[PDB]
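The form deposited in one PDB entry is given below as one chain in structure tokens.
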């Protein structure tokens, strides 16, 4: 049960309670205004308290995708868009300048509201901002942030071999080949995103999808099951053994492991050409 302001690119949702001059609270990393509700109850006799879900969070919703460049660490799109969200909200609720308080990364949003839309600001408070750009030791803090983001990436890719080895239940050499970190930072970033997408959206949905043995028997003349010569004892071979046992569909052993088509391409090709050539 939240209020809505439709803006360019998003439906902005906010809580509103109180009477009196408008006071907008801008949240930090939690992104949502509900964290200000106990404070709003303390203030509602004196201010019209407005607590925002910033457009990428909570009950707010984007109506257009973020630009490709938003993932660039030097992108200014989001912080600028967040600031003009607050300015538009302030103008939709008040014909006079308003009170604004932002905390943590939300106090950085507040700084940009004052920089680019001073006309909407009556008074403003910056609660514990973590901005470093104007500090004498800016580089220390900026480098540390860039390193922590990269640290989380490396720690993610380290779980690759459990991710594929324990879900596909394949041989460790195959699991290793599948989870081997890419050669470059950009390649590793893409690799991590692929792995996380596959985990969320592919492995469970596909491996429990609606296929039955009677679906194979109906066209058994078209089907060959393939087991790698190097991946014996693995779960996917056990699947093919079950299909072969119950339907009579043949298994052909083909060189290599779970990735035999890239591990041993000449031998893989020879077997296929004998099957189908």
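By rigid core we mean the largest C-alpha set that fits within 1.5 Å across both forms. Numbering follows the first chain given and starts at 1.
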{"query": "Higher-scoring stretch by recorded Cα B factor average, 146 to 154 or 120 to 128", "finding": "146 to 154"}
{"query": "Mean C-alpha temperature factor, higher of 236 to 244 and 213 to 221", "finding": "213 to 221"}
{"query": "Member of 105, 138, 205, 184 with the greatest C-alpha B factor (per the PDB record)", "finding": "184"}
{"query": "Record-listed C-alpha B factor of residue 27: chain third", "finding": "lowest"}
{"query": "Entry-reported Cα temperature factor of residue 66, expressed as the chain third it lands in", "finding": "highest"}
{"query": "Modelled-residue ranking by C-alpha temperature factor, third containing residue 36", "finding": "lowest"}
{"query": "Residue 101, C-alpha B-factor rank within chain (lowest, middle or highest third)", "finding": "lowest"}
{"query": "Assigned third (lowest, middle, highest) for the C-alpha B factor of residue 78", "finding": "lowest"}
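Note that the form deposited in another entry isn't included here; everything after this is about it.
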query: Residue from 79, 114, 125, 153 whose Cα, after superposing the rigid core, lies 2 Å or more away between this form and the one not shown; finding: 153
